[PDB]
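Engineer: Partial complex follows, first chain(s) only, in situ:
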Amino acid sequence: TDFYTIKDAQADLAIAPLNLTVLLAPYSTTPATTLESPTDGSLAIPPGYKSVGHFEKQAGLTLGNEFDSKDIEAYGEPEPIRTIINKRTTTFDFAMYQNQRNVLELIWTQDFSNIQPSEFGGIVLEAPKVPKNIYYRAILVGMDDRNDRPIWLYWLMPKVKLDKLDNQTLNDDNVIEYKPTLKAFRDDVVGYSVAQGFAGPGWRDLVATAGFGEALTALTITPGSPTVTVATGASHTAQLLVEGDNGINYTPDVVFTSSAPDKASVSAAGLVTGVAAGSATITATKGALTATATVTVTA
Amino acid sequence: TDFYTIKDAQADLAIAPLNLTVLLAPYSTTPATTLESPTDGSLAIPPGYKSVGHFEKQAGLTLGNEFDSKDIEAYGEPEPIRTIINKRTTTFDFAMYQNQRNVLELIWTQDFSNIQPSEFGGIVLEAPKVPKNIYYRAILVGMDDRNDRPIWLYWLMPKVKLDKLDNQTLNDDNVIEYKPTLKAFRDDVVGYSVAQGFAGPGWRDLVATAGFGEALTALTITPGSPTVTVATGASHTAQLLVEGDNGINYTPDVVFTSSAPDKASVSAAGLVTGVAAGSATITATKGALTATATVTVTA
């Protein structure tokens, strides 16, 4: 076998976080189990998560993994036979620009919900007597826009705490930025400290190549004998689902066509509307794969 | 004697890993003893070894060797009389680009074979509650193609473990790269922790110069009286082997010719086909060396 076939490298599996955002929520907010909308697989942020807005570009966002390790020595062996990873510490840091309430609360370890602006809008934010140990929920979601099929790759940290804050320098040519480091702790309710996830039409394309589940080879359809009504009513339209053999809905990816538009007019989303009584053929195509469904239309 | 003769340097013995790949396998996979195919000496990767894909060019792949030493000093000697290398630790690191399952499993020290993509392809990879001590088998194979005669030089590490993971920086102009460091442990079944090997037609050219075995001086051939049949059947073709005095098959390197193509027609690989009854001369040449065989052909 030649070297290229052995390497079998795919460039499409390289994902560039073209636009990234960090969302913080109070510890009372229900943690985000996934960022994929159940109804249509879009980007769905749970309520309570609020973005920290813009942050510095050159600094970027840095994710840090620290391993505590211990070598195990054997009496009859010169090298260590095993190593134990006692713990894995996850942190992330970035340099926020905006001066909004959640950013300032995170920076000062204080709850500024009771801060009432003065008659002319001025506010004063006092640092607490003793620093307050406050935990938040973090969503670090980035988007790679490729051929109008975005890939949303995200990190979920159900419990983050301000670990350190670097010195900030005031320069008459630069805006004031706050650069905190946030350390992730394990949440008992969800059972993990950090999770990494992927979503989007691009990831739907690339999941089989990445190797999660099984490759798409068969294109099954929702029951292929639906009854629709010409007259307006409950049964004047019917929705069709196009699924793969690996339990993935490929309806957005496939192309809906109707061989007999007079009987059932098919939309892009997969809605067949009864127009004239008889039988119609609905076909959804995706590359080599094709689908077929015979729709009955009644006046 | 002049330094040219005394140095006797051979630039051909300098091998550049022009294209390199890293293959990882689960610890249950049978270790690779060699990467040379027993049939034709081509590159053979055992089943279960999967490539990690593209990795960063600038970082390259770095192999680290660390020696733990102890000086033995004598009472009647000022300098240490001896030194003892208690152990040698081998590691290697590199920066993967692709976001595939084996890469992510290595990064997170978790098995993701049971991760089912959601209805729209999204996946979520939670980090383990306790980091898991997982071992893999590594093949680091590089190829230097010179004069269309590649040299495959490889490192076999039957037992590798994630020792440490470098910090990830997310920049809106760069893809996400995972930079692991993998430490090699000694596998009891194969008896070594790291091995280095060479293969390929270029290496077959360079074995004698490198100094392994003995130099090719005699070009012997398979028994020189093969009987072949004009009529199609079991004995209508006969295969000839060209070996050296050092026990190396030089059939691909030598050139097969037939003095009497009417009797036995010889192919490039060394197959003589009976065409007309009689006797034929088959000659395989390599530089100054040559081998000859008198083939008998029967109607």
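Structural biologist: That came in fine, so what should we check first? Numbering: from 1, shown residues only, chains lettered A, B, ... in the order given.
Engineer: Let me know how buried residue A:85 is, in neighbour terms.
Structural biologist: 20 (other Cβ atoms under 10 Å in any protein chain shown). Backbone N, C-alpha and C define where each C-beta goes, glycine included.
Engineer: May I ask which helix or strand encompasses it?
Structural biologist: Assignment of secondary structure by DSSP states H and E places residue A:85 within strand A:82-93.
Engineer: what sits up against the very next helix or strand once past that strand?
Structural biologist: The helix or strand immediately downstream of strand A:82-93 is helix A:101-108, counting by DSSP H and E. Helix A:101-108 is contacted by residues A:24, A:50, A:52-53, A:96, A:111-113, A:125, A:127-128, A:134, A:136, A:162, A:165, A:178, A:180 when judged by Cβ atoms under 8 Å, 6 or more residues apart in numbering or on different chains.
Engineer: Which ones among those residues lie within strands?
Structural biologist: By the criterion of DSSP state E, membership of those in strands covers A:24, A:50, A:136, A:162, A:165, A:180.
Engineer: In contact with the closest residue to the fifth one other than its chain neighbours, which residues are there?
Structural biologist: Read it as residue A:165. In space, and not counting its chain neighbours, residue A:165 is closest to residue A:180: 5.2 Å by Cβ to Cβ, 6 or more residues apart in numbering or on different chains. By Cβ under 8 Å, 6+ apart, the contact list for residue A:180 reads A:93-94, A:96, A:106-107, A:162-166.
Engineer: again, only using 10 Å
Structural biologist: Taking Cβ atoms under 10 Å, 6 or more residues apart in numbering or on different chains, we find residue A:180 in contact with A:52, A:92-96, A:103, A:106-107, A:160, A:162-166.
Engineer: List buried residues within those.
Structural biologist: Buried subset of the contacts of residue A:180 (neighbour count, 16 or more other Cβ atoms under 10 Å in any protein chain shown): A:52, A:92-96, A:103, A:106-107, A:160, A:162.
Engineer: Please identify which pair of those lies farthest apart.
Structural biologist: A:95 and A:160 (16.4 Å; Cβ to Cβ).
Engineer: longest helix of chain A?
Structural biologist: helix A:201-210 (DSSP state H).
Engineer: throw chain C onto that model:
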Amino acid sequence: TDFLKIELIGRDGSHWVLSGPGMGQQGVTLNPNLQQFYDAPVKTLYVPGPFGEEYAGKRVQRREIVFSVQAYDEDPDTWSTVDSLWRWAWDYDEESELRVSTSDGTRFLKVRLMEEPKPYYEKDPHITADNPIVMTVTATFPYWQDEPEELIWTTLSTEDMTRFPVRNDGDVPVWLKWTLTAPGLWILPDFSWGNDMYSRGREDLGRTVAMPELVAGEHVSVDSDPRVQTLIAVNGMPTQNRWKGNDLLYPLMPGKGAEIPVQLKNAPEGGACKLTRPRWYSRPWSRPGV
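Structural biologist: Adding chain C to the chains above:
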């Protein structure tokens, strides 16, 4: 390494390979830095003398071996099983065997728990499922042993005599055990082998001791070691009571051996004599010396 293999046979008969070929197959490996494991601890006595202190003798001490093992597994449940089995392989009252195998053969030490083991790290061991146990075992008998050599001599004659071939290949003296059947008058060797511990090294070179006449059913065990009584009758009779201030005083000195004579007389139905000779060493391995 393949030059050294360490095994443990527990009080319950479990077999563990701590080091060498096949180590860690039962889940437990041996950690480095084990102490008082090789040489038998001996303290030498010194008494005041004209030029300081004069040598007065030696006393061998019991072994106090402090070592550590590592119990490991991939899952905490099986790790707990392995740790429980390892603990079950030990006891305080009864001893367990610790074998060392090298090119010089296999030598074992009988060891028992001196104190409670010290297991696990500071956190709960189910996290790592790979935890060390610090063992403080003791060898009341501090000498490494091989299987003792047993020789049997059965005779049907009333009067007979035999020559038992005996030799001490170890570096320490050994004490012989005799099993004599009854009835009959036995004469057993008590050769000094040049040992001068009773100021009779040359006088007792060919010394023989006559046991009391044994009545029917009074089979005797005659153990020369100081730990055990010399004469024990299997039926509880006081055989030593008829033996008139006499004893076996001499062990088999290292590097010495011969054909020791055993005589039987007045035996209406013959008799059987068994000689057990221990093989004691001060090290787990050593080349033979002579």
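Engineer: The neighbour count of residue A:85 again, this time with chain C added?
Structural biologist: Residue A:85 sits with 21 neighbouring residues when counted by other Cβ under 10 Å.
Engineer: okay but it is in contact with residue B:163, surely?
Structural biologist: Yes. Applying Cβ atoms under 10 Å, one finds residue A:85 in contact with residue B:163, separated by 9.1 Å.
Engineer: which ones are touching the residue nearest to residue A:37 when sequence neighbours are not counted?
Structural biologist: Leaving aside its sequence neighbours, residue A:37 sits nearest to residue A:44 (Cβ to Cβ, 6+ apart; 3.8 Å). Applying Cβ under 10 Å, 6+ apart to residue A:44 gives the contacts A:32, A:34-38, A:199.
Engineer: Out of the residues you listed, flag the one nearest to chain C.
Structural biologist: Closest approach to chain C among those (Cβ to the nearest Cβ): residue A:32, at 27.4 Å.
Engineer: The closest one: helix or strand, and which one exactly?
Structural biologist: Using DSSP H and E, no helix or strand contains residue A:32.
Engineer: was I right about it contacting residue A:45?
Structural biologist: Yes. Between residue A:32 and residue A:45 there is a contact at 7.3 Å, judged by Cβ under 10 Å.
Engineer: any common contacting residues for the two?
Structural biologist: Common contact partners of residue A:32 and residue A:45 (Cβ under 10 Å, 6+ apart): A:23, A:25, A:139, A:141, A:154.
Engineer: Highest neighbour count among these?
Structural biologist: Using other Cβ under 10 Å as the neighbour criterion, residue A:154 leads the shared contacts of residue A:32 and residue A:45 with 26 neighbours.
Engineer: ok, what's across the strand from that residue?
Structural biologist: residue A:141, residue A:197 (DSSP bridges).
Engineer: Next one: residue C:5 from chain A, what distance?
Structural biologist: Remark: distance between residue C:5 and chain A (Cβ to the nearest Cβ, to the nearest Å) = 9 Å.
Engineer: do the same with residue C:247
Structural biologist: 45 Å.
Engineer: I'd like the distance between that residue and residue C:224.
Structural biologist: Taking Cβ to Cβ, to the nearest Å as the measure, residue C:247 falls 9 Å from residue C:224.
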